Amino acid sequence: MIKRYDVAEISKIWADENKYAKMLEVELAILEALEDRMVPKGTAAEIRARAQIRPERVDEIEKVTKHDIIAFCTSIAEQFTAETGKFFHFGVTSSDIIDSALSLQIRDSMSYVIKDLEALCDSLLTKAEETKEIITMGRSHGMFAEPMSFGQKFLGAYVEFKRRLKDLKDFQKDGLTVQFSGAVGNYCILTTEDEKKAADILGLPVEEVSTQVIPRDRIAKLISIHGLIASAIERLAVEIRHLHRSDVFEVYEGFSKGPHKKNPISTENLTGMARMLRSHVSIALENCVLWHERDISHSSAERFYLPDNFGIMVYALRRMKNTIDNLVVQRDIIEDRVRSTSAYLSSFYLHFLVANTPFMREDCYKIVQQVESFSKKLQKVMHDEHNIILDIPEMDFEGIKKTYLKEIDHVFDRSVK
Amino acid sequence: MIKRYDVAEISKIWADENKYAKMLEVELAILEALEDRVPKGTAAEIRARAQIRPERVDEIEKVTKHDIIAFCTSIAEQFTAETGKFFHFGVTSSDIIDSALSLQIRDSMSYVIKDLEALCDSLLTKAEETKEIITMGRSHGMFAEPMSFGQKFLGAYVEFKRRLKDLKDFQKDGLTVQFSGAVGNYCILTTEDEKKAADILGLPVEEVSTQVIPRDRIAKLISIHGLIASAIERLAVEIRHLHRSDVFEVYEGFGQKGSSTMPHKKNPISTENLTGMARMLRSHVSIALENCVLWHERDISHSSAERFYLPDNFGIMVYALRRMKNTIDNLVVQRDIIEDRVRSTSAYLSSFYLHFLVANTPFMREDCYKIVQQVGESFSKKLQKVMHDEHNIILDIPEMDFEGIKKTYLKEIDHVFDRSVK
Amino acid sequence: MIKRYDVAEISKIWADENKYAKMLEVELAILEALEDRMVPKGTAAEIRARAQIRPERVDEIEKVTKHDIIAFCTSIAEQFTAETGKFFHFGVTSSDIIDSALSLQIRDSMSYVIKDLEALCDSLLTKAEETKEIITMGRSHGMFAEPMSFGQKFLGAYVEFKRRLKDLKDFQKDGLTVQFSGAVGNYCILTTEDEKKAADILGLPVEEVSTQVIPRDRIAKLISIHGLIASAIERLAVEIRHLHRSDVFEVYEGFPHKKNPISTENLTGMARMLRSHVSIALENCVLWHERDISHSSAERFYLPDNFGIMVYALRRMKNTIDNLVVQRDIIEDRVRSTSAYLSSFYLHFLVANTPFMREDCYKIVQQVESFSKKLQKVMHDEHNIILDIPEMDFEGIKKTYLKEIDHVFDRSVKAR
Amino acid sequence: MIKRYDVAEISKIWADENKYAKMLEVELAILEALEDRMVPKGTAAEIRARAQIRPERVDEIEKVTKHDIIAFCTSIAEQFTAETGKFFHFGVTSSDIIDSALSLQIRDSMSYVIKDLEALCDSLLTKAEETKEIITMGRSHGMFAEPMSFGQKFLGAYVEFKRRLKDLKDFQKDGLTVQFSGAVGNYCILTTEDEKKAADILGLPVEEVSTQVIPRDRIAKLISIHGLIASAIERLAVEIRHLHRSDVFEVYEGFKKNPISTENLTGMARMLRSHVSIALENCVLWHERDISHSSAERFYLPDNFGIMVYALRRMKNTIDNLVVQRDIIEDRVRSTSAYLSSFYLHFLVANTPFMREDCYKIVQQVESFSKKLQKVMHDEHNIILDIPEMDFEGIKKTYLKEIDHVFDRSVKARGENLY
Ligand SMILES: O=C(O)/C=C/C(=O)O
Ligand SMILES: O=C(O)/C=C/C(=O)O
Ligand SMILES: O=C(O)/C=C/C(=O)O
Ligand SMILES: [K+]
Ligand SMILES: [K+]
Ligand SMILES: [K+]
Ligand SMILES: [K+]
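The rules behind each value
- Residues numbered from 1 in each chain as written, not as in the entry; some residues may be left out.
- Chains lettered and ligands numbered in written order.
- Heavy atoms only, no water.
- Residues with missing side-chain atoms left out of burial classes, pairs and counts.
- Helix = DSSP H or I, 4+ residues; strand = E, 2+ residues; numbered from the N terminus.
- Domains from an automatic or database assignment.
- Axes fitted to C-alpha atoms, helices over the stretch in contact; angles between N-to-C directions.
- Parallel < 35°, antiparallel > 145°, perpendicular 65-115°, else oblique.
- Nonpolar A, V, L, I, M, F, W, Y, C, P; charged D, E, K, R; others polar.
- Near = heavy atom within 4 Å.
- Polar contact = N/O pair within 3.5 Å; in protein donor to acceptor, adjacent residues only side chain to side chain.
- Areas by Shrake-Rupley, 256 points an atom, 1.4 Å probe, with all protein chains shown as cover.
- Buried < 20%, exposed > 50% of the residue type's maximum accessible area, 1.4 Å probe, protein only.
- Pairing = 2+ DSSP bridges.
- Donors = N, O, S within 2.8 Å, 3.2 Å for Na, K, Ca; no water.
- Contact = heavy atoms within 4.5 Å.
- Buried area = accessible area lost by both parts, 1.4 Å probe.
- Salt bridge = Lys/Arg side-chain N within 4 Å of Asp/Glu carboxyl O.
- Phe/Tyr/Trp six-rings, centres within 6.5 Å; stacked < 30°, edge-to-face > 60°.
- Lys NZ or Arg CZ within 6 Å of the ring centre and 35° of its normal.
- Expected span 1.5 Å × (residues − 1).
- UniProt positions renumbered as here; feature names shortened; annotations may be inferred.

In terms of determination method and resolution, the entry is listed under X-ray crystallography at 2.0540 Å.

So, in structure tokens, the structure goes:
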């Protein structure tokens, strides 16, 4: 993480001050659970009141112990009497407290992700309803295709992020677990009853089968979800970058307070942001390949990409929302492009004569191509030349919008559950 | 996909014939929906005589340069000008492809689910057979504390059952169909015609579609398959560890010649082969992610890649699940070699003795550590003697014999199994 | 590989017939070297003439033996006597023959790539010299920046693919090796002299340290070169896709047929495929001790397609470049319709010449047919500066921006 | 990047002050070249004397302008009079200074990586010297195969890192460029003469064809090699972790014994691999530029060199301090025997007219193996030949026969005679 995109509350969760404090919150959970066995009643509350998080001293102790778990508990043990810290960190293994506290840093980070994601979904839906009645020329392969609702470009990103919102909220109810199983998950000292009571205090369910560590596929699943959101971010930014260029010139980003040129510098940044979150996916997958009950190759990688994952995501979910809000939509440039193009009308009259006349395609194709009001005279040819009586619709600007946007109301409500 | 790893039922789903066979059903599903607006029985009449001719489509495509128009030309040339008049009417080409691709994916997901359920059955079988086998747990590859050998398979079991439910969650709704026109404006078609045509196929309507269905659904499935690649790789590495000559706890059951000069040398060729398969599956998740960023209402940039990895990814997914199941069943467990390693090591007893004294006595940590150091005699009764004689305290120390170790380190093996089995 | 994207010459190399063929060539290369000592002379040449290559026979034997190399050598042995096939596959390990023959498939495939790569470099420079004098609007962040030579675009990809071309030419000389090192590379029966003889027969250098296998980071480096080519292709295809769109409409893919950049969109997905294999080869680098067979199944998948997609993609991009239709007037009418970029040109003109500061020269330019005469009228009257401002009409715009286009082309092409 | 693995000299290369200092070095390179034109002579040396880099001042200006280079110019411009700073940042576009200074940072980051990688090959070679004499068991699929030299494990990793060192020094020669071509590379205000002159002041060659930015295939060419280097780092790490396990117990890292070093470096290799895809995607820039690479390059470029320098020196120390337990090595060779049956099989077929399947039943039937075998074939088979007796020293003389040749071909200078 660098200072330019840093969000202080996100990096605070992954700062060593919160890393050690979450470890301590897990230590007091298993200590309070063991109070029903060999630990005196009230010992956990005694430590919870006077415990001080001292990261510099831990690093000082870590130089001697060469292990962050031995320096942490020592920094807590030297603040109390030997009778007090007797059963502190008792029965659990090193990664029992590390990963259980690791899942705490992940739970609290998800709240910032889910909140700003839903705030982004609302900003997209808001921008869709403003531009729902603006008609634009859809582009297939970059070519003009048929007129559509310009709000559907925003409604398309809305329903995508909305599917991502269900992915995160499903994980929040399930994927997060903790472990108090002991050394290699064999419960040499503790019991599953102790793990149950301790996990009940923390508020996260119990790992069904846990080795020395927590199985890394659970974190991998969450990071793979952020990869899906990144492709949604990138697709939305590419949409904005396309309509921002001079050849299109239908949207541009706000210029804050203040040589004055319009440039899509915001959504280009959000493209690089998505490139970072996409790269974390394989990292999460490789961290799943551990030897027997554990190897610690996942730790250093998690120290890097886990703080950047939530940090980049929250900064991206917030920057994307504000960029949509400050986005300037130029309606006259959007709808004039629909007026100047008429090539899509060749297929409209084609499907109209095929549907309402008993003529084949080639017969219906030769009549339209052989053909002010393109509707007025083509209707006369059916009655005069073909002796067929029917009323075509007038394909002026009001007939175009009424034809192609006649279903946009149904698309919006089927999007909103 | 190559013939060496080709799976019959899966390769047929993605071949040219069944590709067009599903596109035909999509053409007739929307055609029957248009019969309310198209004469009655037109889709049923085309359904009864339709022929899928992949060689003919290839010849039409050499001129038209459009696979869908070539498929339409091959189908319309089988009927009258009037009978095939409303064929491919109102829909866009991608309305046919993506709606049919879902039926292909669904037919592939049905086999993967069944093959993934089968692997969970085998893992839970070996977990029960090797449940009461005591083995040395290893952290950083180092001897740690003894544990159950069946805990390894149960650990892999619940992992595949996590991905199994995710697949079933995707099976309930992860795929859609669409009939939205050129750029999703529903100019010629209607939502009523689109919705009703979907129930003929049996899939939900895409909520917001452009020319194509959003690619994040395919990417979501590939994501569930990306995680499975990790699950397959870990179980493969685990058995590769046990199979080595230095450990020699298990070996893959094999007329088969393992080596040239040593018939039959036992090598973990199955779990190693599956590791290469996992590397191929993982690499596809970067393609499916990049395919989501399509320009405006569509670009065809995802078609070339999807023609490559989608048939291979499903073909490998089915091949890998089946071979791992055959390996898990035929893997033979050397019971004595596993348990003879646990007796040869005494290091884990010192940890249990010191946490026994701290829990049962008022002594502190480093006071207990020096006691167990100075302590063939019974380690339990000799230290219980010094507790009574030298330190003057009475405590009942369970004796750490070979079966006393299994009573200590396999204590919660019942509850771990109970909460794991569904 | 699939039938739609199958290339004839490339798929021929990776077929089981040639796969078994190059195995035989490698086997006969070491056995010919073993004739100098313990093997009767002339045995390798006798097997070379009578040995059939029967994939249906190998698969018939492999169904039992579960060992591809045993089934291969057995199929070759049964076509000779016990006295002609005595020392066939003697002393070598199974991967001595596989990895040596695998490099042969890589060598011959690589020649087709370099051929079709430099051929794509020819199409790019041909289009570059054609459109050198054309002037177009440059775009930064998609927004109109300044006028530029349209030929600089194709030259930008020319030198990029030229960079990838030298990387393969460097690799083709120093990239591949063979081996005959025994079971785990300890040289029990085999000697370095016999191995060097067989290697000199095949024509490839010897691996420095050989385990049971050849270090797979050699393959991974080749793929890395091809991974960069995937981005060079995608960047070039993305450029054509942008110019093709209706809002730009500067070029279109040549063949009422409908105009879409369908070929460059095809190459975008191809490029993602070539880029997907780079991390595959990297994970194959991490073997266990002397070897683990994990890399074979993955290479049986991605290597035949990596070479296939590469040649297939380079050829289609070559055909698309030559047949691409450039619309010169629309390209140059867009420069006539843009105006605001001249503010930066007149600004630096008054700064570098008139002793006025940046804020002073800015004021007057936008306060101010042909702008050069108007600005020079202001400098001569109120400012009272006598200076000659060059005409900024269409022809004068080409002279200003394309003034150094000769130096760019000459420095980017060796003999030019 | 985090302080836990931070290399101060590397994180300072990519810190804010060195970033601007290299940009200011590039700004004065073009300004000095323009002294042969409209810019007054000696103006570059004028600004270079009293130039003060103020990161927090630049951040203050960018908080309003939302443009990093305008903020970087204002901080340098306002320190002098208008006439002196009149020609500062003149004719160049932003990315002329952004990317050309980025090449200066990368070059400085490359100077450290080359040294560490070179020193790792020396230590790996040194460790191969200490362990060359030790006979070990070669493992195929983790299974016992044939005996080999233990030092060949360090020699195999040595020649791989040396191939990566040859890749890095090749890129060191031609790989980094500077650009002064202007807005879209059109040389509107400047000339190729101005660009060529300022390039010698910076010591780097001129980019052949540059758009608004420098094409990202050069940086991608460097990050790709770092992924190749990381592949060597994980293969060597997994090797040590294999020989470290309790069942093998053939090595242990120097100072309860855990391979925490090579496991941590294995995690270092995973982060470096992910950088490749970002470097490959940073090349796909729209037209003459888009800035989407910038935010990514602000992250993985300092993280790549920081992790790489750390991993090359930690693996060197791990190799420096790795303890080799020779007693456990060679007695594992004495314990098991299987390759011997393959040896006598290849020996009988070589020197006797019998066939492979004939000699296999003879070797399997069988105290001294060589003596007993030499008597069976002269009794019932009537074969007179010299069968070498293969004991521990006899096995070493056979399976380590060509070990000196593998070493001489692996090291360029070894084997040459001097004086
Ligand atoms: O008719 C179609 O569905 C395809 C149109 C297109 O190729 O743009
Ligand atoms: O050549 C052998 O001994 C067999 C080798 C292998 O199975 O790789
Ligand atoms: O004047 C410059 O160098 C920068 C211009 C820009 O911000 O694009
Ligand atoms: K645990
Ligand atoms: K559609
Ligand atoms: K070998
Ligand atoms: K430039």
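Caption draft 1: Looking closely at the overall build of chain A. Check the secondary structure of chain A and you find 17 helices and 4 strands. Taking the principal axes of its C-alpha atoms as reference, chain A extends roughly 105 × 55 × 35 Å.

Caption draft 2: Fine view of the domain arrangement of chain D. One can read the domain layout of chain D as domain 1 (1-92), domain 2 (93-336) and domain 3 (337-419). For domain 1 of chain D versus domain 3 of chain D, the distance between C-alpha centres works out to 72 Å.

Caption draft 3: View of the packing of helix α7 (residues 150-172) of chain B against helix α9 (residues 216-243) of chain B. All names here are of chain B. Close contact between α7 and α9 brings their axes to 10 Å; oriented N to C, the two are set at 170°. Of the possible angle classes, the one that applies to α7 and α9 is roughly antiparallel. Considering only residue class, the contact of α7 with α9 consists of 11 nonpolar, 3 polar and 8 charged.

Caption draft 4: Examining the site of ligand 2 more closely. Residues in contact with ligand 2, as listed here, are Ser 259 of chain B together with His 67, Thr 93, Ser 94 and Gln 212 of chain C. Nearby residues place ligand 2 at the junction of chains B and C. One nitrogen or oxygen atom from the side chain of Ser 259 of chain B is found 3.4 Å from an oxygen atom belonging to ligand 2. Contact distances for ligand 2 include 2.9 Å between an oxygen atom and a side-chain N or O atom of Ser 94 of chain C. In isolation ligand 2 has 250 Å² of accessible area, and contact with the protein removes 81% of it.

Caption draft 5: Molecular detail of the site of ligand 1. For ligand 1, the full set of nearby residues is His 66, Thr 92 and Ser 93 of chain B together with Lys 258 of chain C. Each of chains B and C places residues near ligand 1. Contact between ligand 1 and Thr 92 of chain B: an oxygen atom at 2.7 Å from a side-chain N or O atom of the residue. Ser 93 of chain B places a polar main-chain atom, nitrogen or oxygen, 2.3 Å from an oxygen atom of ligand 1. Burial of ligand 1 by the protein chains amounts to 68% of its free accessible area of 260 Å². Looking at the shell around ligand 1 residue by residue, the class counts come to no nonpolar, 3 polar and 1 charged.

Caption draft 6: Quick peek at the pairing of strand β2 (residues 143-149) of chain C. Residue and element names in this part refer to chain C. Most of β2 sits out of view: 6 of its 7 residues are buried. Bridge analysis of strand β1 (residues 135-140) against β2 gives 5 bridges, and the strand direction is antiparallel. Within β2, the position partnered with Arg 139 by the bridge is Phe 144. Taking the residues that link successive antiparallel strands as the turn, the β1-β2 hairpin has 2 residues, and the phi of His 141 there is positive, at about 60°.

Caption draft 7: Structural view of the coordination of the potassium ion (ligand 6). Residues and elements named next belong to chain C. Surrounding the potassium ion (ligand 6) are the protein donor atoms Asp 96 (OD), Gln 179 (OE1), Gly 182 (O), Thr 211 (O) and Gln 212 (O), which sit 2.8 to 3.1 Å from the metal. Donor residues for the potassium ion (ligand 6), ordered by position in the chain, follow D-x82-Q-x2-G-x28-T-Q. One end of the pair, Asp 96, is in helix α6 (residues 94-130); the other, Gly 182, is in the loop between α7 (151-174) and α8 (192-202), with 86 residues separating them in the sequence. Residue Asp 96 shares its accessibility class with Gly 182, and that shared class is buried.

Caption draft 8: Fine view of the interface of chain D and chain A. The interface is formed by 39 residues belonging to chain D together with 39 residues belonging to chain A. Together, the buried faces of chain D and chain A total about 3,500 Å²; carbon and sulfur atoms form 56% of this surface. Contact with chain A buries surface across chain D, with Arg 270, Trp 286 and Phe 299 of chain D losing the most and accounting together for 22% of the total. Taken together, chain D and chain A are joined by 7 salt bridges. Here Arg 4 of chain A makes a salt bridge to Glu 62 of chain D, at a shortest N to O gap of 3.2 Å.

Caption draft 9: Summary view of the coordination of the potassium ion (ligand 5). Protein-derived ligands of the potassium ion (ligand 5) are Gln 178 of chain B (OE1), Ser 180 of chain B (OG), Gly 181 of chain B (O), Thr 210 of chain B (O) and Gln 211 of chain B (O), with the metal-ligand distances lying across 2.7 to 3.0 Å. Linear spacing of the donor residues for the potassium ion (ligand 5) on their chain is Q-x1-S-G-x28-T-Q.

Caption draft 10: Representation of the packing of aromatic side chains within the structure. All told, the structure shown has 40 aromatic pairs over all chains when counted by the stated rule. Where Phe 343 of chain D meets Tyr 344 of chain D, the ring centres are 5.4 Å apart and the plane angle is 80°; that geometry is what we call edge-to-face. Summarising the burial analysis for this pair, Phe 343 of chain D and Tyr 344 of chain D share the class buried. Of the aromatic side chains, those joined through ring pairs into one cluster are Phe 352, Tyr 353, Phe 356 and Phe 379 of chain B. For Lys 132 of chain D, the ring lying beneath its charged end belongs to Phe 407 of chain D, and the centroid distance is 4.6 Å. Lying over the aromatic face of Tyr 252 of chain D, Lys 257 of chain D brings its terminal NZ or CZ to 3.8 Å of the ring centre.

Caption draft 11: The arrangement of helix α9 (residues 217-244) of chain D in detail. For α9 of chain D, spanning 28 residues, the distance from its first C-alpha to its last is 40 Å, which sits close to the expected 40 Å at 1.5 Å a residue. With 26 of 28 residues buried, α9 of chain D lies mostly within the body of the structure.

Caption draft 12: Geometry of the environment of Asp 358 of chain D. Residues and elements named next belong to chain D. Here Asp 358 is to be found in helix α14 (residues 356-365). Here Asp 358 falls in the partly exposed class, since its relative accessible area comes to 40%. Residues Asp 358 and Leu 348, 10 residues apart in the sequence, show an inter-C-alpha distance of 9.5 Å.

Caption draft 13: Up close: the environment of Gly 181 of chain B. Tracing the sequence through the fold places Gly 181 of chain B in the loop between α7 and α8 (191-201). Spatially, the C-alpha atom of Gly 181 of chain B lies 24 Å from that of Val 57 of chain B, the residues being 124 residues apart in sequence.

Caption draft 14: Broad picture of the domain arrangement of chain A. Residue and element names in this part refer to chain A. Splitting chain A by domain gives domain 1 (1-92), domain 2 (93-341) and domain 3 (342-417). Each of domain 1 and domain 2 was reduced to a C-alpha centroid, and the two centroids are 31 Å apart. With 29 residues of domain 1 in contact, the opposing surface of domain 2 contributes 37 residues. Roughly 3,000 Å² of surface becomes buried between domain 1 and domain 2 when both sides are summed, with 69% attributable to carbon and sulfur atoms. Mapped onto the side of domain 1 that touches domain 2, the elements with two or more residues apiece are α1 (8-14), α2 (16-34) and α5 (68-77). For the side of domain 1 that touches domain 2, the element with the highest residue contribution is α2, accounting for 12 residues. Here the residues of the side of domain 1 that touches domain 2 sort into 16 nonpolar, 4 polar and 9 charged.

Caption draft 15: Seen up close, the UniProt feature "binding site: succinate" (unreviewed entry) in chain A. Mapped onto the present numbering, the UniProt feature "binding site: succinate" (unreviewed entry) falls at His 67, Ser 94, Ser 140 and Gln 212 of chain A. In terms of the greatest pairwise C-alpha distance, the residues named above, spread along 146 residues, do not form a single cluster, extending to 58.0 Å across. Looking at the element boundaries, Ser 94 of chain A is found in helix α6 (residues 94-130). Classification of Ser 94 of chain A by relative accessible area gives partly exposed; the value is 22%. The contact partners of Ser 94 of chain A, leaving out residues within four places of it in the chain, are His 67 and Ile 69 of chain A. Tracing the sequence through the fold places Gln 212 of chain A in the loop between α8 (192-202) and α9 (217-244). When sequence neighbours within four positions are dropped, the list of residues in contact with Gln 212 of chain A reads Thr 93, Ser 95, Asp 96, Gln 179, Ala 183, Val 184, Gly 185, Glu 293 and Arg 294 of chain A together with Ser 139 and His 140 of chain B.

Caption draft 16: Region of the structure containing the pattern of salt bridges. Considering all chains together, one arrives at 167 salt bridges over all chains under this definition. Between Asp 217 of chain C and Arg 164 of chain D there is a salt bridge whose closest N-O contact spans 2.9 Å. Placement of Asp 217 of chain C in helix α9 (residues 217-244) and of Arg 164 of chain D in helix α7 (residues 151-173) is noted, with the two residues assigned to different chains. Summarising the burial analysis for this pair, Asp 217 of chain C and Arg 164 of chain D share the class buried. A salt bridge links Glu 239 of chain D to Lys 153 of chain D; the nearest nitrogen and oxygen atoms lie 3.7 Å apart. On the criterion of sequence distance, the pair formed by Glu 239 of chain D in helix α9 and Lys 153 of chain D in helix α7 is long-range, its members being 86 residues apart. Here the two residues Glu 239 of chain D and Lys 153 of chain D agree in accessibility, since each one is buried. Members of the salt-bridge network, linked through shared partners, are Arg 163, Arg 164 and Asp 167 of chain C together with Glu 207, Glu 208, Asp 217, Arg 218 and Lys 221 of chain D.

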